[PDB]
Amino acid sequence: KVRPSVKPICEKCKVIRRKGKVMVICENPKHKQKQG
Amino acid sequence: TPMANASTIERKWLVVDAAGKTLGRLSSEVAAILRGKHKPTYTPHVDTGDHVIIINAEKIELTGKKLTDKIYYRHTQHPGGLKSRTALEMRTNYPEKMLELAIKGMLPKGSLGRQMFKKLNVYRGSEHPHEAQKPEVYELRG
Amino acid sequence: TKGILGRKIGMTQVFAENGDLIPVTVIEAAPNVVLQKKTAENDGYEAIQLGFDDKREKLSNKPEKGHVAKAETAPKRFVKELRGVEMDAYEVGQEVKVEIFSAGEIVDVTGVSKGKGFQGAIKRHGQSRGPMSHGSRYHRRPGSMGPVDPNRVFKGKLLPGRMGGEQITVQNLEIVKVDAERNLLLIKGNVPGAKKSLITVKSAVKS
Amino acid sequence: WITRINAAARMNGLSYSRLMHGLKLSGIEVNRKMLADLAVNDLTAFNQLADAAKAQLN
Amino acid sequence: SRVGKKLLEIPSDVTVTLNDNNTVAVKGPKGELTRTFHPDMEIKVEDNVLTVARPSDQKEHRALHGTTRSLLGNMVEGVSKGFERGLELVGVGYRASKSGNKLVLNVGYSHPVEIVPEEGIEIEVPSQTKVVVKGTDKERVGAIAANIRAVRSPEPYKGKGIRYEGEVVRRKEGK
RNA sequence: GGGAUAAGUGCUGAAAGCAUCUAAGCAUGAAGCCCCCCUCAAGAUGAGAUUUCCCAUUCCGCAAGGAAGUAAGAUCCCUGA
RNA sequence: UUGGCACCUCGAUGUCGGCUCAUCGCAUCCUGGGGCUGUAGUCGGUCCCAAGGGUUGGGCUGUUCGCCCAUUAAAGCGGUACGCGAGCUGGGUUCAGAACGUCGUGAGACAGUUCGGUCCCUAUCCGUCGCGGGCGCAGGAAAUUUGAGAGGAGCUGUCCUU
């Protein structure tokens, strides 16, 4: 997904700032977010 | 009645090596020489150019992201027919248009920004056929 | 890429091998003479000038009389390059002719089109006529130039002009036969250029 | 002529922003700026004034 | 809780030079590896001990501190052990062999898939199921096997195509 | 078809011992971009190129220069497409 | 878009909509490529990049819009003086004629309706699209060129196999 309020949902989600974009990466692939 | 020269001016060929230099801080150091901001017989309308042959046109660095984020724009007179291009395409394919566009952006435009620009040459490093004029090496002021 | 050049004559129908019917051109293009070998050791690029359809000496000049001295033949009207053949198998003075081609060689063909003269906006660009009735006076004409705010005509707005006279490549043809007995090509389809104009018969860019 | 001072003051390694401080101190020189220029027509008369500048630049 | 202050041991026989600047050229039985390092990193080579002597303490340097050691820790122990990966074909009309040195995969596309390895890379064919790449550079070997997994990426319903050994595919119950 | 790219997808790996597509390093990837295909085009005053030609006159102006006749070629004029 | 304000124009800036000719912006209808799927394949929803190209023939009404007929890969929006009347058509609004309802005591009135109702211009300049004459290109000439740069093309549907 893509949204300006990128947050982890469950505690299995890491928040990794790639490429100037605060991306959240997790196990479950419905957590997959980005502001961009 | 101060002095103002006319057709008694002697022109002296130079060489600037752009190797570990930015774009960018030497254009404003080649423009002032092409326009003649160092000869004391400086009368602004009389083509005072001791002029520069640039060597190592293939070697120019420029800081920041600006190989890929600085982009040229050469729009035609046809509608929406601009052909833009990044600096990395211009550093590889032909930088002879990189520096000559830079100096042409420096100079006062008109009929001197042609005549100051007819003085400049750019050669890709380091070969240039100007043996028969012997340019002294202008190291830069920085 | 092989390529010869020459006049054409006209159109025919030649059926072959089936009940077919083939639209066939007739080309006079034999034989070419290699007059000058453009070399990348001197000029940067690789080409071969070919001359065709020799003329009598009243029509040829001393700058051009001496130009055929390297091939040592008569003066010759129609000269063009060809970038750029497999290097080389040619010598300056070797009479290139029809023998290369065959029934199956896919071939692009270039030539200077039939000039029709000064023609208007429908015929020159395929533009469409307005209404021919209903009181309308606007017919046969190109109509609206552009908007109002830029206050000018954008470059490229189609208009009347002189139609024709360009050089047109027409691709992917099929050379039908080879007639080195009569100096005659045979190409499927329509080939641009008016009657008896000059036509360069290349080999194509495939596939 | 302010350009025609820097085109001579930089031959001797100074800047107009510093040179016209030098003439204001070493000397109270009220030299005409066309004529501290002219001091170029007959160089190195200007440099010997630029020599007078550097002594109070230290 | 650092990496570049750990030590690299070379007993035998993976010999490492200080070929300036700074082209640290590993040798050994398997081959030779030449990683070029940026000039802030000042490698101090003790008695059989490769190290890292950092220039200073910035976030530029710290992020470059642990890497230049742990590139070599991949390199030096790669000219003794080598490196290899394990691919695990799961599927029905899916099989594997090599021919010449191309890797012929009859993945369920209507044409077979061939993967040409590079020099110093040995993609073994152990059996019909598994495929093993073997080489020296981890940024090459795993990257070649990443060029293999994208032939048939594992669908979540039936985990198909190329698949690393071992690996857990998230499973859906398609109905 | 070739070459670099978008969103992706990554292989390595740190800072933050693991992890982590990135921060150094290497990829792949679009009818997008740049060429390849076709057309114009050195008035591109930065006027490019190679081939082959005609020659290096006659007079004035001591000179700088200016005329008159002429080669290579072309033009007017004519039959036309 | 309906608006507010009255700041260019009331010694005139032609107003709706069609026909031509387009360009451009993408906030995308397709087509190319992907994350997620409450994605088993099939066909989708949704979010991403992407303007290169395509973006229909009617019936009705002046209609833009709208509905419906049948196709389609789809039948995108939107700006450009709600593009475009010194390029066209006037079908409506809003000239006089003429009626009908309504209102007024009456002349007449009405964004309530209806039938009829002179759409002028030899292109000066800049533009645009073709054609020429000079001159220059360190001597005059004839051929063939190179390509810095400029455009054009850029769409896809089926079917059969696998």
# chains A, B, ... in the order shown; residues from 1 in each chain; ligands from 1
call {"tool": "select_by_dssp", "arguments": {"residues": "range 70-164 of chain E", "states": "strand (DSSP E)", "output": "list in words"}}
result
residues 83, 84, 87, 88, 96, 97, 98, 99, 102, 103, 104, 105, 113, 114, 115, 122, 123, 124, 130, 131, 132, 133, 134 and 135 of chain E
call {"tool": "closest_atom_pairs", "arguments": {"of": "chain A", "to": "chain G", "cutoff": "7 Å", "atoms": "only C-alpha atoms (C1' of nucleotides)", "output": "tab-separated table"}}
result
residue	atom	partner	partner_atom	distance
A:1	CA	G:47	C1'	6.1
A:2	CA	G:47	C1'	6.8
A:30	CA	G:36	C1'	6.3
call {"tool": "interface_residues", "arguments": {"of": "chain F", "to": "chain B", "cutoff": "12 Å", "atoms": "only C-alpha atoms (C1' of nucleotides)", "output": "PyMOL selection string"}}
result
chain F and resi 3-5+33-35+45-46
call {"tool": "residues_around", "arguments": {"residues": "residue 119 in chain E", "least_positions_apart": "2", "cutoff": "12 Å", "atoms": "only C-alpha atoms (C1' of nucleotides)", "output": "VMD selection string"}}
result
chain E and resid 31 101 116 to 117 121 to 123 134 to 137 140 to 141 144
call {"tool": "write_last_selection", "arguments": {"atoms": "C-alpha atoms", "output": "PDB file, in the first residue's frame"}}
result
ATOM      1  CA  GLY E  31      41.189 -18.290  -6.656  1.00  0.00           C
ATOM      2  CA  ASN E 101      26.872 -25.471 -19.087  1.00  0.00           C
ATOM      3  CA  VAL E 116      24.130 -19.247 -18.337  1.00  0.00           C
ATOM      4  CA  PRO E 117      26.554 -19.039 -15.384  1.00  0.00           C
ATOM      5  CA  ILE E 121      30.621 -20.180 -11.023  1.00  0.00           C
ATOM      6  CA  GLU E 122      29.704 -23.873 -11.055  1.00  0.00           C
ATOM      7  CA  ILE E 123      25.971 -24.630 -11.037  1.00  0.00           C
ATOM      8  CA  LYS E 134      28.820 -23.140  -6.349  1.00  0.00           C
ATOM      9  CA  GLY E 135      31.338 -20.332  -6.478  1.00  0.00           C
ATOM     10  CA  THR E 136      33.300 -17.784  -4.460  1.00  0.00           C
ATOM     11  CA  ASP E 137      31.621 -14.337  -4.423  1.00  0.00           C
ATOM     12  CA  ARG E 140      27.674 -13.142  -7.304  1.00  0.00           C
ATOM     13  CA  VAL E 141      26.561 -16.615  -6.203  1.00  0.00           C
ATOM     14  CA  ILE E 144      22.944 -15.756  -9.668  1.00  0.00           C
TER      15      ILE E 144
END
call {"tool": "atom_distance", "arguments": {"atom1": "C1' of residue 110 in chain G", "atom2": "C1' of residue 10 in chain G"}}
result
26.3 Å
call {"tool": "residues_around", "arguments": {"residues": "residue 15 in chain C", "least_positions_apart": "3", "cutoff": "12 Å", "atoms": "only C-alpha atoms (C1' of nucleotides)", "output": "ChimeraX atom specification"}}
result
/C:12,18-24,176-177,188
call {"tool": "write_last_selection", "arguments": {"atoms": "N, CA, C and O atoms", "output": "CSV table (one decimal), in the first residue's frame"}}
result
chain,number,residue,atom,x,y,z
C,12,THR,N,3.9,-4.5,-64.6
C,12,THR,CA,3.4,-5.7,-65.3
C,12,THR,C,2.7,-6.6,-64.4
C,12,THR,O,2.7,-6.4,-63.1
C,18,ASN,N,1.6,-21.0,-59.6
C,18,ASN,CA,0.3,-21.2,-59.0
C,18,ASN,C,-0.7,-20.6,-60.0
C,18,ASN,O,-0.5,-20.5,-61.2
C,19,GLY,N,-1.9,-20.4,-59.5
C,19,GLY,CA,-2.8,-19.5,-60.3
C,19,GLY,C,-2.7,-18.0,-59.9
C,19,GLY,O,-3.6,-17.3,-60.2
C,20,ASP,N,-1.5,-17.6,-59.4
C,20,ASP,CA,-1.4,-16.3,-58.7
C,20,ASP,C,-1.5,-15.2,-59.8
C,20,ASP,O,-1.6,-15.4,-61.0
C,21,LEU,N,-1.4,-13.9,-59.2
C,21,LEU,CA,-1.2,-12.8,-60.1
C,21,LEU,C,-0.4,-11.7,-59.3
C,21,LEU,O,-0.9,-11.4,-58.2
C,22,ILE,N,0.7,-11.3,-59.8
C,22,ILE,CA,1.7,-10.6,-59.0
C,22,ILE,C,1.9,-9.2,-59.7
C,22,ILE,O,2.0,-9.1,-60.9
C,23,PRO,N,1.8,-8.1,-58.9
C,23,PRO,CA,2.1,-6.8,-59.5
C,23,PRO,C,3.5,-6.5,-59.6
C,23,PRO,O,4.2,-6.3,-58.5
C,24,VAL,N,4.1,-6.4,-60.8
C,24,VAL,CA,5.6,-6.5,-60.9
C,24,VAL,C,6.0,-5.2,-61.6
C,24,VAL,O,5.5,-4.8,-62.6
C,176,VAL,N,11.5,-10.6,-57.8
C,176,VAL,CA,10.9,-11.8,-58.4
C,176,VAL,C,11.9,-12.6,-59.1
C,176,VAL,O,12.2,-13.7,-58.8
C,177,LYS,N,12.5,-12.0,-60.2
C,177,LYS,CA,13.4,-12.8,-61.0
C,177,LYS,C,14.7,-12.0,-61.1
C,177,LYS,O,14.9,-11.0,-60.5
C,188,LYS,N,7.9,-7.3,-56.9
C,188,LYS,CA,6.5,-7.3,-56.4
C,188,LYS,C,6.1,-5.9,-55.9
C,188,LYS,O,6.7,-5.3,-55.1
call {"tool": "interface_residues", "arguments": {"of": "chain C", "to": "chain B", "cutoff": "12 Å", "atoms": "only C-alpha atoms", "output": "list in words"}}
result
residues 146, 150, 152, 153, 154, 155, 156 and 157 of chain C
call {"tool": "interface_residues", "arguments": {"of": "chain F", "to": "chain A", "cutoff": "12 Å", "atoms": "only C-alpha atoms (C1' of nucleotides)", "output": "ChimeraX atom specification"}}
result
/F:7,16,19-23
call {"tool": "write_last_selection", "arguments": {"atoms": "N, CA and C atoms (P, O5', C5', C4', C3', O3' and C1' of nucleotides)", "output": "PDB file, in the first residue's frame"}}
result
ATOM      1  P     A F   7      11.250   4.783  -8.510  1.00  0.00           P
ATOM      2  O5'   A F   7      10.074   3.727  -8.356  1.00  0.00           O
ATOM      3  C5'   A F   7       8.747   4.178  -8.159  1.00  0.00           C
ATOM      4  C4'   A F   7       7.748   3.083  -8.398  1.00  0.00           C
ATOM      5  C3'   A F   7       7.941   1.822  -7.587  1.00  0.00           C
ATOM      6  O3'   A F   7       7.359   1.944  -6.306  1.00  0.00           O
ATOM      7  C1'   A F   7       7.426   1.302  -9.847  1.00  0.00           C
ATOM      8  P     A F  16      25.505   2.536  15.769  1.00  0.00           P
ATOM      9  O5'   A F  16      24.872   1.076  15.786  1.00  0.00           O
ATOM     10  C5'   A F  16      24.345   0.549  17.001  1.00  0.00           C
ATOM     11  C4'   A F  16      23.434  -0.637  16.785  1.00  0.00           C
ATOM     12  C3'   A F  16      24.002  -1.750  15.906  1.00  0.00           C
ATOM     13  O3'   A F  16      23.672  -3.035  16.432  1.00  0.00           O
ATOM     14  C1'   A F  16      21.961  -0.952  14.989  1.00  0.00           C
ATOM     15  P     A F  19      21.900 -12.098   9.613  1.00  0.00           P
ATOM     16  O5'   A F  19      20.613 -11.154   9.566  1.00  0.00           O
ATOM     17  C5'   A F  19      19.304 -11.703   9.549  1.00  0.00           C
ATOM     18  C4'   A F  19      18.251 -10.692   9.937  1.00  0.00           C
ATOM     19  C3'   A F  19      17.821  -9.712   8.859  1.00  0.00           C
ATOM     20  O3'   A F  19      16.840 -10.267   7.998  1.00  0.00           O
ATOM     21  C1'   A F  19      18.172  -8.565  10.907  1.00  0.00           C
ATOM     22  P     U F  20      16.894 -10.019   6.414  1.00  0.00           P
ATOM     23  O5'   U F  20      17.030  -8.445   6.269  1.00  0.00           O
ATOM     24  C5'   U F  20      15.912  -7.593   6.439  1.00  0.00           C
ATOM     25  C4'   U F  20      16.343  -6.157   6.368  1.00  0.00           C
ATOM     26  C3'   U F  20      17.109  -5.800   5.117  1.00  0.00           C
ATOM     27  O3'   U F  20      16.237  -5.536   4.039  1.00  0.00           O
ATOM     28  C1'   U F  20      18.180  -4.872   7.028  1.00  0.00           C
ATOM     29  P     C F  21      16.309  -6.428   2.715  1.00  0.00           P
ATOM     30  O5'   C F  21      17.720  -6.045   2.114  1.00  0.00           O
ATOM     31  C5'   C F  21      17.937  -6.075   0.722  1.00  0.00           C
ATOM     32  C4'   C F  21      18.277  -4.714   0.188  1.00  0.00           C
ATOM     33  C3'   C F  21      17.362  -3.580   0.628  1.00  0.00           C
ATOM     34  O3'   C F  21      17.462  -3.085   1.975  1.00  0.00           O
ATOM     35  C1'   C F  21      17.472  -3.570  -1.704  1.00  0.00           C
ATOM     36  P     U F  22      18.686  -2.234   2.593  1.00  0.00           P
ATOM     37  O5'   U F  22      18.699  -0.842   1.836  1.00  0.00           O
ATOM     38  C5'   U F  22      18.792   0.364   2.580  1.00  0.00           C
ATOM     39  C4'   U F  22      19.499   1.446   1.814  1.00  0.00           C
ATOM     40  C3'   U F  22      18.995   1.663   0.395  1.00  0.00           C
ATOM     41  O3'   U F  22      18.670   3.053   0.138  1.00  0.00           O
ATOM     42  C1'   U F  22      21.328   1.111   0.367  1.00  0.00           C
ATOM     43  P     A F  23      19.675   4.278  -0.193  1.00  0.00           P
ATOM     44  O5'   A F  23      20.823   4.278   0.901  1.00  0.00           O
ATOM     45  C5'   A F  23      22.122   4.674   0.501  1.00  0.00           C
ATOM     46  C4'   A F  23      23.045   4.992   1.643  1.00  0.00           C
ATOM     47  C3'   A F  23      24.507   4.953   1.269  1.00  0.00           C
ATOM     48  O3'   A F  23      24.892   6.126   0.573  1.00  0.00           O
ATOM     49  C1'   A F  23      24.193   3.823   3.317  1.00  0.00           C
TER      50        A F  23
END
call {"tool": "residues_around", "arguments": {"residues": "range 36-40 of chain E", "least_positions_apart": "3", "cutoff": "10 Å", "atoms": "only C-alpha atoms (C1' of nucleotides)", "output": "PyMOL selection string"}}
result
(chain E and resi 19-25+33+43+53-56+61+64-65+67-68+71) or (chain F and resi 24-25)
call {"tool": "write_last_selection", "arguments": {"atoms": "N, CA, C and O atoms (P, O5', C5', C4', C3', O3' and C1' of nucleotides)", "output": "PDB file, in the first residue's frame"}}
result
ATOM      1  N   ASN E  19      47.766  -4.571  -1.777  1.00  0.00           N
ATOM      2  CA  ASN E  19      47.970  -3.935  -3.070  1.00  0.00           C
ATOM      3  C   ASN E  19      47.242  -2.599  -3.132  1.00  0.00           C
ATOM      4  O   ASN E  19      46.011  -2.542  -3.192  1.00  0.00           O
ATOM      5  N   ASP E  20      48.017  -1.525  -3.073  1.00  0.00           N
ATOM      6  CA  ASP E  20      47.487  -0.175  -3.075  1.00  0.00           C
ATOM      7  C   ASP E  20      46.903   0.151  -4.449  1.00  0.00           C
ATOM      8  O   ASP E  20      47.398  -0.331  -5.471  1.00  0.00           O
ATOM      9  N   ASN E  21      45.824   0.949  -4.489  1.00  0.00           N
ATOM     10  CA  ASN E  21      45.173   1.634  -3.363  1.00  0.00           C
ATOM     11  C   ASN E  21      43.664   1.699  -3.570  1.00  0.00           C
ATOM     12  O   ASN E  21      43.212   2.439  -4.435  1.00  0.00           O
ATOM     13  N   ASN E  22      42.875   0.957  -2.793  1.00  0.00           N
ATOM     14  CA  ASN E  22      43.341  -0.029  -1.828  1.00  0.00           C
ATOM     15  C   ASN E  22      42.760  -1.361  -2.280  1.00  0.00           C
ATOM     16  O   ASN E  22      41.746  -1.818  -1.763  1.00  0.00           O
ATOM     17  N   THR E  23      43.432  -1.994  -3.231  1.00  0.00           N
ATOM     18  CA  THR E  23      42.865  -3.107  -3.986  1.00  0.00           C
ATOM     19  C   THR E  23      43.301  -4.396  -3.306  1.00  0.00           C
ATOM     20  O   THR E  23      44.240  -5.060  -3.741  1.00  0.00           O
ATOM     21  N   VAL E  24      42.595  -4.757  -2.240  1.00  0.00           N
ATOM     22  CA  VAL E  24      43.020  -5.839  -1.362  1.00  0.00           C
ATOM     23  C   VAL E  24      42.795  -7.170  -2.070  1.00  0.00           C
ATOM     24  O   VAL E  24      41.663  -7.640  -2.195  1.00  0.00           O
ATOM     25  N   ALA E  25      43.884  -7.784  -2.521  1.00  0.00           N
ATOM     26  CA  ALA E  25      43.844  -8.941  -3.410  1.00  0.00           C
ATOM     27  C   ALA E  25      44.054 -10.221  -2.607  1.00  0.00           C
ATOM     28  O   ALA E  25      45.174 -10.573  -2.236  1.00  0.00           O
ATOM     29  N   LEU E  33      40.520 -12.773  -5.332  1.00  0.00           N
ATOM     30  CA  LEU E  33      39.406 -11.845  -5.246  1.00  0.00           C
ATOM     31  C   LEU E  33      39.939 -10.438  -5.021  1.00  0.00           C
ATOM     32  O   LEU E  33      40.829 -10.231  -4.193  1.00  0.00           O
ATOM     33  N   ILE E  43      43.486  -0.611   6.384  1.00  0.00           N
ATOM     34  CA  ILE E  43      43.549  -1.987   6.865  1.00  0.00           C
ATOM     35  C   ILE E  43      44.935  -2.263   7.431  1.00  0.00           C
ATOM     36  O   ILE E  43      45.948  -2.067   6.754  1.00  0.00           O
ATOM     37  N   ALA E  53      41.371  -0.390  10.872  1.00  0.00           N
ATOM     38  CA  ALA E  53      41.677   0.810  11.637  1.00  0.00           C
ATOM     39  C   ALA E  53      40.892   1.950  11.008  1.00  0.00           C
ATOM     40  O   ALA E  53      41.224   2.409   9.911  1.00  0.00           O
ATOM     41  N   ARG E  54      39.849   2.393  11.700  1.00  0.00           N
ATOM     42  CA  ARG E  54      38.967   3.401  11.154  1.00  0.00           C
ATOM     43  C   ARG E  54      39.658   4.761  11.105  1.00  0.00           C
ATOM     44  O   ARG E  54      40.593   5.019  11.865  1.00  0.00           O
ATOM     45  N   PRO E  55      39.245   5.632  10.192  1.00  0.00           N
ATOM     46  CA  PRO E  55      39.786   6.997  10.196  1.00  0.00           C
ATOM     47  C   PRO E  55      39.233   7.867  11.314  1.00  0.00           C
ATOM     48  O   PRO E  55      40.009   8.547  11.989  1.00  0.00           O
ATOM     49  N   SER E  56      37.921   7.841  11.540  1.00  0.00           N
ATOM     50  CA  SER E  56      37.293   8.680  12.553  1.00  0.00           C
ATOM     51  C   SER E  56      35.897   8.148  12.839  1.00  0.00           C
ATOM     52  O   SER E  56      35.495   7.098  12.334  1.00  0.00           O
ATOM     53  N   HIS E  61      31.402   6.993   8.479  1.00  0.00           N
ATOM     54  CA  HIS E  61      32.483   6.042   8.692  1.00  0.00           C
ATOM     55  C   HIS E  61      31.991   4.746   9.318  1.00  0.00           C
ATOM     56  O   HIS E  61      32.441   3.668   8.921  1.00  0.00           O
ATOM     57  N   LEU E  64      30.550   2.487   7.033  1.00  0.00           N
ATOM     58  CA  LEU E  64      31.617   1.936   6.217  1.00  0.00           C
ATOM     59  C   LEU E  64      32.655   1.190   7.038  1.00  0.00           C
ATOM     60  O   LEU E  64      33.571   0.590   6.464  1.00  0.00           O
ATOM     61  N   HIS E  65      32.524   1.209   8.364  1.00  0.00           N
ATOM     62  CA  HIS E  65      33.486   0.533   9.225  1.00  0.00           C
ATOM     63  C   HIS E  65      33.330  -0.978   9.150  1.00  0.00           C
ATOM     64  O   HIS E  65      34.262  -1.686   8.752  1.00  0.00           O
ATOM     65  N   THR E  67      31.635  -2.910   7.188  1.00  0.00           N
ATOM     66  CA  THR E  67      31.466  -3.551   5.889  1.00  0.00           C
ATOM     67  C   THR E  67      32.783  -4.019   5.304  1.00  0.00           C
ATOM     68  O   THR E  67      32.879  -5.148   4.808  1.00  0.00           O
ATOM     69  N   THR E  68      33.795  -3.150   5.337  1.00  0.00           N
ATOM     70  CA  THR E  68      35.058  -3.434   4.672  1.00  0.00           C
ATOM     71  C   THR E  68      35.797  -4.582   5.333  1.00  0.00           C
ATOM     72  O   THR E  68      36.575  -5.280   4.678  1.00  0.00           O
ATOM     73  N   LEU E  71      33.321  -7.554   4.194  1.00  0.00           N
ATOM     74  CA  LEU E  71      33.509  -8.026   2.828  1.00  0.00           C
ATOM     75  C   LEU E  71      34.631  -9.046   2.769  1.00  0.00           C
ATOM     76  O   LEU E  71      34.492 -10.097   2.135  1.00  0.00           O
TER      77      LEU E  71
ATOM     78  P     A F  24      26.249   6.235  -0.285  1.00  0.00           P
ATOM     79  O5'   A F  24      26.177   5.087  -1.403  1.00  0.00           O
ATOM     80  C5'   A F  24      26.740   3.787  -1.249  1.00  0.00           C
ATOM     81  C4'   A F  24      28.240   3.790  -1.130  1.00  0.00           C
ATOM     82  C3'   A F  24      28.976   2.976  -2.177  1.00  0.00           C
ATOM     83  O3'   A F  24      29.270   3.708  -3.349  1.00  0.00           O
ATOM     84  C1'   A F  24      29.606   2.217  -0.071  1.00  0.00           C
ATOM     85  P     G F  25      29.018   3.052  -4.792  1.00  0.00           P
ATOM     86  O5'   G F  25      29.213   1.494  -4.548  1.00  0.00           O
ATOM     87  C5'   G F  25      30.468   0.882  -4.774  1.00  0.00           C
ATOM     88  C4'   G F  25      30.308  -0.571  -5.106  1.00  0.00           C
ATOM     89  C3'   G F  25      29.388  -0.877  -6.266  1.00  0.00           C
ATOM     90  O3'   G F  25      30.012  -0.646  -7.515  1.00  0.00           O
ATOM     91  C1'   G F  25      28.971  -2.375  -4.483  1.00  0.00           C
TER      92        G F  25
END
call {"tool": "atom_distance", "arguments": {"atom1": "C1' of residue 39 in chain F", "atom2": "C1' of residue 149 in chain G"}}
result
13.9 Å
call {"tool": "residues_around", "arguments": {"residues": "residue 24 in chain A", "least_positions_apart": "6", "cutoff": "7 Å", "atoms": "only C-alpha atoms (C1' of nucleotides)", "output": "PyMOL selection string"}}
result
chain A and resi 6-8+13-16+32-34
